[PDB]
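Undergrad: My questions all concern the structure below.
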Amino acid sequence: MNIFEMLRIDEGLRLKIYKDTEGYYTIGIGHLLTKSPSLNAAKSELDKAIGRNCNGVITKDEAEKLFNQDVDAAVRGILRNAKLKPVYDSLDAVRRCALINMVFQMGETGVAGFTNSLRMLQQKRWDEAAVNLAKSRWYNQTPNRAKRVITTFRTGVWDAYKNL
């Protein structure tokens with residue numbers, strides 16, 4: 001299992017513009033287009049993102065291209081972030097994937113706000129950090145996905161995704 005397979009389990013694949021758990025306009029493999037309520041603003045972002053007139057619909061191909069860019073940006077964002085970098089460097093390969101997953105879903109900023117959990121992950125206090133991560137809007141709003149990520153940080157193995 002790898003980061004791409006992991007995120008693809010969590011995000012799914014949709015070739016037509018759709019709404020987030022959050023009600024936001026998205027397409028592909030969790031590629032948020034706009035936080036704006038107009039389908040029209042979303043369509044415009046889409047064509048800008050793809051470089052063609054898409055009319056709200058993309059190919060598998062285009063979806064994976066956006067996915068490659070998004071993953072790349074997430075990692076680079078982690079590497080550029082003063083708060084995130086040190087945690088990332090301290091982690092093993094599997095747990096590194098769990099932090100990437102969080103950044104992809106919630107952005108650099110959002111994750112950098114989990115101050116106490118970050119501190120615990122750096123210290124390698126797995127059970128403590130898992131308990132603290134669960135105390136969040138994140139967990140309450142998308143419990144099945146949060147719990148997969150959390151188990152991943154807890155165990156350091158890919159079992160939560162074995163099932164799926």
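Numbering (the entry's author numbering), first residue to last: 1 to 164. All C-beta atoms in this analysis are idealised placements derived from N, C-alpha and C, irrespective of residue type, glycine included.
Helix, strand or coil for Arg14, going by three-state DSSP, please let me know.
TA: Against the sequence shown, residue 14 aligns to sequence position 14. Three-state result, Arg14: strand.
Undergrad: Helix, strand or coil for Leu121? Go by DSSP, reduced to three states.
TA: Locating residue 121 in the sequence shown gives position 121, where the first residue counts as 1. Three-state result, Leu121: helix.
Undergrad: Spell out the partners DSSP gives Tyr88 in its beta bridges.
TA: Taking the sequence shown and counting its residues from 1, the one referred to as residue 88 is at position 88. Its beta-bridge partners do not exist; DSSP assigns none.
Undergrad: Within 10 angstroms of the Cβ of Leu133, are there 16 or more other Cβ atoms? Answer buried if so, exposed if not.
TA: To locate residue 133, count along the sequence shown from 1; it is residue 133. So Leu133 counts as buried.
Undergrad: Tell me whether the beta-carbon of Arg95 lies closer than 8 Å to the beta-carbon of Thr151.
TA: Counting from 1 along the sequence shown, the entry for residue 95 is found at position 95. Counting from 1 along the sequence shown, the entry for residue 151 is found at position 151. No, these two residues do not count as a Cβ contact at 8 Å.
Undergrad: Which residues mark the beginning and the end of the beta strand (DSSP E) in which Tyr24 is found?
TA: Taking the first residue of the sequence shown as 1, we reach residue 24 at position 24. Counting along the chain, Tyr24 falls outside any beta strand (DSSP E), and DSSP gives it neither H nor E.
Undergrad: Could you pull out every residue in the same chain whose Cβ sits closer than 6 Å to the Cβ of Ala98, ignoring the five residues on either side in sequence?
TA: Residue numbering aside, residue 98 sits at position 98 when the sequence shown is read from its first letter. Excluding residues within five positions, the ones whose Cβ falls inside 6 Å are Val149, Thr152, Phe153.
Undergrad: Whole angstroms is fine: what's the gap from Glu5's alpha carbon to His31's?
TA: The residue given as residue 5 occupies position 5 in the sequence shown. The residue given as residue 31 occupies position 31 in the sequence shown. Cα to Cα, the separation comes out at about 15 Å.
Undergrad: Which residues does DSSP pair with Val157 in a beta bridge?
TA: To locate residue 157, count along the sequence shown from 1; it is residue 157. According to DSSP, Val157 bridges with nothing at all.
Undergrad: Can you say whether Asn2 is buried or exposed, counting buried as having 16 or more other CB atoms within 10 angstroms of its CB?
TA: Translated into the one-based positions of the sequence shown, residue 2 becomes position 2. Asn2 is exposed by the Cβ-count criterion.
Undergrad: Span of the alpha helix (DSSP H) holding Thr109?
TA: Here residue 109 corresponds to residue number 109 of the sequence shown, with the count starting at 1. Run containing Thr109: 93–112, per the alpha helix (DSSP H) assignment.
Undergrad: Which of helix, strand or coil does DSSP assign to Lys83?
TA: Counted from its first residue, the sequence shown places residue 83 at position 83. Three-state DSSP puts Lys83 in coil, outside helix and strand.
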